[PDB]
Each structure stands twice: as structure tokens, then as C-alpha cells.
Amino acid sequence: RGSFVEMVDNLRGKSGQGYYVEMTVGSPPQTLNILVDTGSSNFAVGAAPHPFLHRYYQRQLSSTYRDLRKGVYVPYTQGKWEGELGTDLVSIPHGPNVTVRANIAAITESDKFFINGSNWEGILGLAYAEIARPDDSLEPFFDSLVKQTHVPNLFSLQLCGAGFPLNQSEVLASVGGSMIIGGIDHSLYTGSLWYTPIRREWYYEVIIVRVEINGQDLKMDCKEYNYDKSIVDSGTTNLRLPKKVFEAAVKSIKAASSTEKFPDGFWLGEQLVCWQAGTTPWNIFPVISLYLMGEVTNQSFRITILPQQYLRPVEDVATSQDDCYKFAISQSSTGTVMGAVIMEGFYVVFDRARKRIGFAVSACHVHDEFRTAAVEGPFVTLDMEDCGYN
Ligand SMILES: COc1cnc(C(=O)Nc2ccc(F)c([C@]34CN(c5ncc(F)cn5)C[C@H]3CSC(N)=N4)c2)cn1
């Protein structure tokens, strides 16, 4: 049974551009599309004209707006935003039937933040206060929602990748998945949910205990997999791996697929590869399994993704009927990031109340008739806390 019909299919967008939910801010309500980001903790919206914004938050038009008289500056690797802190009334039209007074960063300047044609105007940081800017005293949206309402302290995400390119028109008209606020919808997954502990409440931090490529153990010291952390992050496209893990994984993926040779630019994520329509050789590419620490002592489980997850469909540079893709596994110097590449395979339950993350095979994951994504267990694994980096 699906018990959250109101919230099923409330997401739009794709990998590379981002999955967003409709929200309203202010009185009278101002509608905005908001990127869902489990990898940050600020609620921040465009609040001034920008070339890539079709609309923005107008604080002067909101009778319920409150100025906190405080600036916020958020530099990150590939860009930045800055703005002014305030509070206002916020609702999610395809969400729980509640209105909350939440912190809002009104973005007045940004660099490489807004994406042309993504159709979103702001970001919903769903992680914990520890990583909020300017500091942990700025209560994140979800904490406000839970404190002010009877909504259970849990949300779940089904991100639905298309498996083929969507153009401007198609992304608008299409369903990109579900964010179920306050519950778990049984219609969004098949098989069992398996839970991994949230190691610490800042990012959604987890512990990977083993990595396999087509069943072959990558055979690295498990600390390497979590150096300097492993996180579940809907605001990142790629599966991102620590440098040494990336090198080892790519060598193994190349060996598994060695019946075809791909240029270095492909493996670096820089260059697309194209096949004649319908002929993508999925079967030459390996499955990838991540083993996660279980809830029971000395137990683990595994999640397994297909090339249909880690090869990202792209529109051809020279318009044709070819099926074209980029490699969406990449190097990290900030630990493992389980981005949309992982998340598109799975229904992911962010069980904040019980400090755990649940995984189940997504009812919308892309596959062929020969192989599917999997969530399987249990496995007997030892010394797993040792896999955590300090
Ligand atoms: C499913 O495919 C996807 C998913 N997401 C996107 C996308 O455009 N994400 C996005 C855009 C801007 C942005 F700033 C971010 C951030 C906000 N960050 C942040 N915010 C506050 C802070 F204190 C520290 N870092 C870091 C930064 C890069 S990684 C992340 N998780 N979130 C994500 C595209 N395709």
C-alpha cells in the first residue's frame, strides 16, 4: 500500500541539474522550486534578479517576513552564494498540510550557484545544524518542521533517473520522484529495507565496509573507503570516491569492460561516448556493490548498482539518434559521496528519529531484463567500527 498519495511524485528534475520540490514562502504565498540537498543544511532562496532566475523571493511583499539583521556567506568548491538571514512562513504544497516559521537565507549575490534551465530558485538543506552557516545556531528547515508540527522525524527520497536524455520541455512535464516527509511509502520500493547507522549527525554520515566490482573484492583497507567520511548526498550527481579508491575502482571497471576500449577523457568524466540507437552494451560493464554496516553487531548488507546508474545519459554534441553517456564516478578529496548515481537505484529512508539510513530497491530504477539493482544481506563482517576515519 501507498499511504502518502499527497506526496508521491512531488519531485521534478534530473541528475546533473538536480531534483526539486515546490515550496511557498511568505504571506501571501510566493511559489518557488527548491533543490533537495541532503548534503547541506541551509534553506536559501534567490531573493534578487539573476540571469538564470525566472522568479525570486520578494521579502518586501511578505507581511510575515522577519529580518534577522545578519549576513551569511557560503563559499564552496565550485561556487558561492551570499545573502541576508530572515524568517518567514513556509509550506510545501505537495507535502504535509502544515505551515512552519523557518529560517531563510535570501540570496543577493552568487557565483556558479544557479543553473541555467534547471527550473529551481533555491536549495533545501536537509542535513543537520552542525554544518549550517553561519553556525549551528541557525536551525535547519527540517528541525523547525519537526519542532513546530506533529510531523514524524523522518523523510524518504525516491529519485527517478530517466535512463535517456530529457530536453527542456520534457524535464518540465516529467515526474522526477518523491520526497515523503514524515513517513515511508511502500509503493516506492520492492523487497526489504536494510538500515545502516548514521555514524554522526552532521552530514548523513555512513560507514562502507567492503567494495566489489562484479563480485570481485576491491580488497582495500576499509578505512580507505571512508577517508575522511562517507555521506549520502542528493545534492551531488556522481558517485565520488577517495582518490586511492577511485584509482583502484576505475582500474577494475576498465578490466571488467576491456572488450571495448574507451578514451582517458571518458574515465575522467570529461568526454561522452555514444552507441548506435538501442545498442548500448550494458552487459560489458560491471555491477558495483557497496557493503554498509548493519544495525546488528557484526552484520552488514550490500547495495548493488548497474551501469544504468553510473553511466549518465547526455544529449549528443552532434544531434543524432545515438545513445550517449558520461561516466559518473569521479575522484574526491573530501571522502565518499553517494550522490544521485547511488540514490537513483534506491528508495532511501532518512530515519533521523532512530539515527539510521534505510535502503531498498527503487520501484523506478533503470535496468534491463538481465540484471536489476539489489539490496541484500545479511553478511558476517568484523571490526567494522575500525572502518571509520578519525
Ligand atoms: C541529482 O543531480 C544533481 C544534484 N544536485 C545538483 C546541484 O546542482 N547541486 C547543488 C547546487 C548548488 C550547491 F551549492 C550545492 C551544494 C551546497 N553546498 C553547501 N551549502 C552550504 C554549506 F555550508 C556548504 N556547502 C555544497 C554544494 C555542492 S555539493 C552539495 N550537496 N550541495 C548543490 C545537480 N545535479
# chains A, B, ... in the order shown; residues from 1 in each chain; ligands from 1
>>> residues_near_ligand(ligand="ligand 1", cutoff="6 Å", atoms="only C-alpha atoms and all ligand atoms", output="PDB file with N, CA, C and O atoms, in the first residue's frame")
ATOM      1  N   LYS A  14      16.384  16.126 -12.732  1.00  0.00           N
ATOM      2  CA  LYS A  14      17.203  15.013 -13.198  1.00  0.00           C
ATOM      3  C   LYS A  14      18.599  15.115 -12.590  1.00  0.00           C
ATOM      4  O   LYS A  14      18.920  16.103 -11.929  1.00  0.00           O
ATOM      5  N   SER A  15      19.439  14.098 -12.836  1.00  0.00           N
ATOM      6  CA  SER A  15      20.834  14.215 -12.434  1.00  0.00           C
ATOM      7  C   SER A  15      21.555  15.232 -13.325  1.00  0.00           C
ATOM      8  O   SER A  15      21.194  15.444 -14.491  1.00  0.00           O
ATOM      9  N   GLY A  16      22.551  15.899 -12.736  1.00  0.00           N
ATOM     10  CA  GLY A  16      23.266  16.959 -13.422  1.00  0.00           C
ATOM     11  C   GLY A  16      22.604  18.309 -13.188  1.00  0.00           C
ATOM     12  O   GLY A  16      23.304  19.304 -12.997  1.00  0.00           O
ATOM     13  N   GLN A  17      21.262  18.334 -13.176  1.00  0.00           N
ATOM     14  CA  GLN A  17      20.539  19.588 -12.991  1.00  0.00           C
ATOM     15  C   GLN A  17      19.923  19.690 -11.596  1.00  0.00           C
ATOM     16  O   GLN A  17      19.839  20.791 -11.062  1.00  0.00           O
ATOM     17  N   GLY A  18      19.513  18.552 -11.014  1.00  0.00           N
ATOM     18  CA  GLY A  18      19.046  18.481  -9.637  1.00  0.00           C
ATOM     19  C   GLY A  18      17.544  18.206  -9.520  1.00  0.00           C
ATOM     20  O   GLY A  18      16.763  18.583 -10.396  1.00  0.00           O
ATOM     21  N   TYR A  19      17.152  17.551  -8.416  1.00  0.00           N
ATOM     22  CA  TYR A  19      15.757  17.226  -8.145  1.00  0.00           C
ATOM     23  C   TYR A  19      15.174  18.281  -7.210  1.00  0.00           C
ATOM     24  O   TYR A  19      15.769  18.579  -6.170  1.00  0.00           O
ATOM     25  N   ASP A  37      18.594  18.873  -1.094  1.00  0.00           N
ATOM     26  CA  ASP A  37      20.011  18.657  -0.844  1.00  0.00           C
ATOM     27  C   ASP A  37      20.250  18.043   0.536  1.00  0.00           C
ATOM     28  O   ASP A  37      20.266  18.747   1.550  1.00  0.00           O
ATOM     29  N   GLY A  39      23.029  17.054   1.453  1.00  0.00           N
ATOM     30  CA  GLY A  39      24.444  17.312   1.702  1.00  0.00           C
ATOM     31  C   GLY A  39      24.728  18.706   2.272  1.00  0.00           C
ATOM     32  O   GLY A  39      25.892  19.064   2.431  1.00  0.00           O
ATOM     33  N   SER A  40      23.677  19.485   2.579  1.00  0.00           N
ATOM     34  CA  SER A  40      23.844  20.772   3.252  1.00  0.00           C
ATOM     35  C   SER A  40      22.665  21.025   4.192  1.00  0.00           C
ATOM     36  O   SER A  40      21.768  20.192   4.276  1.00  0.00           O
ATOM     37  N   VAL A  74      28.532  31.822   2.008  1.00  0.00           N
ATOM     38  CA  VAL A  74      28.674  30.379   1.835  1.00  0.00           C
ATOM     39  C   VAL A  74      29.553  30.101   0.615  1.00  0.00           C
ATOM     40  O   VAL A  74      29.036  29.878  -0.484  1.00  0.00           O
ATOM     41  N   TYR A  76      31.935  27.493  -1.456  1.00  0.00           N
ATOM     42  CA  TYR A  76      32.143  26.052  -1.558  1.00  0.00           C
ATOM     43  C   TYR A  76      33.056  25.790  -2.757  1.00  0.00           C
ATOM     44  O   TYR A  76      33.478  26.735  -3.422  1.00  0.00           O
ATOM     45  N   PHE A 113      26.102  29.237  -8.852  1.00  0.00           N
ATOM     46  CA  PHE A 113      25.172  28.549  -7.969  1.00  0.00           C
ATOM     47  C   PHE A 113      23.949  28.114  -8.771  1.00  0.00           C
ATOM     48  O   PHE A 113      23.661  26.918  -8.882  1.00  0.00           O
ATOM     49  N   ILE A 131      26.526  21.637  10.270  1.00  0.00           N
ATOM     50  CA  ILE A 131      27.131  22.116   9.038  1.00  0.00           C
ATOM     51  C   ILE A 131      26.361  23.321   8.476  1.00  0.00           C
ATOM     52  O   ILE A 131      26.629  23.769   7.359  1.00  0.00           O
ATOM     53  N   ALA A 132      25.438  23.889   9.268  1.00  0.00           N
ATOM     54  CA  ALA A 132      24.717  25.085   8.839  1.00  0.00           C
ATOM     55  C   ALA A 132      25.630  26.310   8.911  1.00  0.00           C
ATOM     56  O   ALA A 132      26.501  26.396   9.779  1.00  0.00           O
ATOM     57  N   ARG A 133      25.526  27.147   7.918  1.00  0.00           N
ATOM     58  CA  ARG A 133      26.077  28.511   8.008  1.00  0.00           C
ATOM     59  C   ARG A 133      25.052  29.706   8.459  1.00  0.00           C
ATOM     60  O   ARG A 133      23.812  29.797   8.161  1.00  0.00           O
ATOM     61  N   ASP A 233      24.134  12.007  -0.302  1.00  0.00           N
ATOM     62  CA  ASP A 233      24.063  13.398  -0.742  1.00  0.00           C
ATOM     63  C   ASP A 233      23.264  13.553  -2.037  1.00  0.00           C
ATOM     64  O   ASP A 233      23.807  13.390  -3.133  1.00  0.00           O
ATOM     65  N   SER A 234      21.988  13.960  -1.912  1.00  0.00           N
ATOM     66  CA  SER A 234      21.122  14.140  -3.074  1.00  0.00           C
ATOM     67  C   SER A 234      21.522  15.379  -3.881  1.00  0.00           C
ATOM     68  O   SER A 234      21.036  15.570  -4.990  1.00  0.00           O
ATOM     69  N   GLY A 235      22.406  16.221  -3.325  1.00  0.00           N
ATOM     70  CA  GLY A 235      22.837  17.436  -3.997  1.00  0.00           C
ATOM     71  C   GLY A 235      24.128  17.279  -4.808  1.00  0.00           C
ATOM     72  O   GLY A 235      24.681  18.281  -5.270  1.00  0.00           O
ATOM     73  N   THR A 236      24.584  16.027  -4.982  1.00  0.00           N
ATOM     74  CA  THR A 236      25.720  15.669  -5.825  1.00  0.00           C
ATOM     75  C   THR A 236      25.240  14.676  -6.885  1.00  0.00           C
ATOM     76  O   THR A 236      24.514  13.738  -6.569  1.00  0.00           O
ATOM     77  N   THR A 237      25.692  14.861  -8.127  1.00  0.00           N
ATOM     78  CA  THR A 237      25.364  13.952  -9.222  1.00  0.00           C
ATOM     79  C   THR A 237      26.069  12.608  -9.044  1.00  0.00           C
ATOM     80  O   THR A 237      25.415  11.569  -9.043  1.00  0.00           O
ATOM     81  N   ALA A 340      23.431  11.119  -6.605  1.00  0.00           N
ATOM     82  CA  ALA A 340      22.263  10.671  -7.351  1.00  0.00           C
ATOM     83  C   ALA A 340      22.512   9.352  -8.083  1.00  0.00           C
ATOM     84  O   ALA A 340      21.566   8.606  -8.320  1.00  0.00           O
TER      85      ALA A 340
END
>>> select_by_dssp(residues="stretch 190-339 of chain A", states="alpha helix (DSSP H)", output="ChimeraX atom specification")
/A:243-256,264-267,307-310
>>> write_last_selection(atoms="C-alpha atoms", output="CSV table (one decimal), in the first residue's frame")
chain,number,residue,atom,x,y,z
A,243,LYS,CA,41.4,9.3,-4.7
A,244,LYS,CA,43.0,5.9,-4.0
A,245,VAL,CA,39.7,4.1,-4.0
A,246,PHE,CA,38.8,5.9,-7.3
A,247,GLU,CA,42.1,4.7,-8.9
A,248,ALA,CA,41.5,1.1,-7.8
A,249,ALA,CA,37.8,1.1,-8.8
A,250,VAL,CA,38.5,2.6,-12.3
A,251,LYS,CA,41.2,0.0,-12.9
A,252,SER,CA,38.8,-2.8,-12.0
A,253,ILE,CA,35.9,-1.3,-14.0
A,254,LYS,CA,38.3,-0.9,-17.1
A,255,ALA,CA,39.4,-4.6,-16.7
A,256,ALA,CA,35.7,-5.8,-16.5
A,264,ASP,CA,41.0,8.5,-20.9
A,265,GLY,CA,38.6,11.5,-21.2
A,266,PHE,CA,35.7,9.1,-20.7
A,267,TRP,CA,37.1,7.7,-17.5
A,307,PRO,CA,25.9,0.8,-15.3
A,308,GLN,CA,22.4,2.2,-16.0
A,309,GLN,CA,23.0,4.1,-12.7
A,310,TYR,CA,26.7,5.1,-13.2
>>> closest_atom_pairs(of="stretch 192-244 of chain A", to="stretch 297-306 of chain A", cutoff="9 Å", atoms="only C-alpha atoms", output="JSON lines")
{"residue": "A:194", "atom": "CA", "partner": "A:301", "partner_atom": "CA", "distance": 7.1}
{"residue": "A:195", "atom": "CA", "partner": "A:301", "partner_atom": "CA", "distance": 8.5}
{"residue": "A:196", "atom": "CA", "partner": "A:300", "partner_atom": "CA", "distance": 8.3}
{"residue": "A:209", "atom": "CA", "partner": "A:300", "partner_atom": "CA", "distance": 7.9}
{"residue": "A:210", "atom": "CA", "partner": "A:302", "partner_atom": "CA", "distance": 8.6}
{"residue": "A:211", "atom": "CA", "partner": "A:302", "partner_atom": "CA", "distance": 9.0}
{"residue": "A:212", "atom": "CA", "partner": "A:304", "partner_atom": "CA", "distance": 9.0}
>>> closest_residue(among="A:137, A:332, A:62, A:148", to="residue A:98", atoms="only C-alpha atoms")
A:148
>>> residues_around(residues="residue A:69", least_positions_apart="5", cutoff="9 Å", atoms="only C-alpha atoms", output="list in words")
residues 84, 85 and 86 of chain A
>>> residues_around(residues="stretch 278-282 of chain A", least_positions_apart="4", cutoff="12 Å", atoms="only C-alpha atoms", output="PyMOL selection string")
chain A and resi 163-164+256-257+259-260+273-274+286-287+306-311+313+321-325+366-372
>>> select_by_dssp(residues="stretch 121-305 of chain A", states="strand (DSSP E)", output="PyMOL selection string")
chain A and resi 122-125+155-159+177-181+189-197+205-206+208-213+216-217+230-232+239-242+273-275+288-293+299-305
>>> residues_around(residues="residue A:153", least_positions_apart="3", cutoff="8 Å", atoms="only C-alpha atoms", output="list in words")
residues 146, 182, 351, 352 and 353 of chain A
>>> write_last_selection(atoms="N, CA and C atoms", output="CSV table (one decimal), in the first residue's frame")
chain,number,residue,atom,x,y,z
A,146,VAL,N,9.8,19.8,12.5
A,146,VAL,CA,9.5,18.7,13.4
A,146,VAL,C,9.2,19.4,14.8
A,182,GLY,N,7.9,12.7,6.6
A,182,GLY,CA,7.2,12.2,7.8
A,182,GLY,C,6.8,10.7,7.7
A,351,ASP,N,16.0,8.2,8.5
A,351,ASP,CA,15.3,7.9,9.7
A,351,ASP,C,16.1,8.6,10.8
A,352,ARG,N,15.8,9.9,11.0
A,352,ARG,CA,16.5,10.8,11.9
A,352,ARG,C,16.2,10.4,13.3
A,353,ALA,N,14.9,9.9,13.6
A,353,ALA,CA,14.4,9.5,14.9
A,353,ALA,C,15.2,8.4,15.5
>>> closest_residue(among="A:388, A:78, A:187, A:10", to="residue A:174", atoms="only C-alpha atoms")
A:10
>>> closest_residue(among="A:56, A:202, A:359, A:291", to="residue A:136", atoms="only C-alpha atoms")
A:202
